[PDB]
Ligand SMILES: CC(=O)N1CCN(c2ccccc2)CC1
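There is one chain below, alone, in C-alpha cells, taken in the form solved without the named molecule.
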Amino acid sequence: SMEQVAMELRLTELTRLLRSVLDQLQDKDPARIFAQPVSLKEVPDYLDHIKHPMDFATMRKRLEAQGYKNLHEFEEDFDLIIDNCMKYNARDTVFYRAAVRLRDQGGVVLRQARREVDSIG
C-alpha cells in the first residue's frame, strides 16, 4: 500500500537522524571504551553481573537494520551502555568515569534529538 510505503519512508528518515545522533554520541567516547561488546573471553563472569549487555557496535547493527521504531528505543540502548558500566565498574575506575562523561555529554545531543523527532514528526 501507499500507506506502508509512507510509514517506511518515516522509518528511513528516523534511521537517518538516529545515525547522526549515534555518531555524535560515539564522539563523546574518544577512548572507544564503549565501541564493542565486553569480551566474554576476557570477562568470563560478565553475564552473571549484566543481564542485557550493550555497546555502540551492537546499536549500529540494530540501527542499520532499521530496528529502532522510535527515539525511546534508541535511548533505552544508550542508557544500557552507561548503566551496565556504572554497575560493573567501581567509581574510581577509568571505565566508570568514561560512562559518567558520556552520559553528561550525550544528554545535550539527546535533548535536541527529541525536539527534532517531535518537530519533523
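Heads up: residue numbers just count along the shown sequence, starting at 1.
Although it is not shown, the form deposited with the named molecule bound is what the next lines describe.
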4.5 angstroms heavy atom contact with the named molecule in the entry with it bound for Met59:
no
May I ask you to check whether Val38 falls inside a 4.5 Å heavy atom distance of the named molecule in the entry with it bound?
yes
So in the entry with it bound, does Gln26 come within 4.5 Å of the named molecule, heavy atom to heavy atom?
no
Does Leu71 reach the named molecule in the entry with it bound if we count a contact as any heavy atom within 4.5 Å?
no
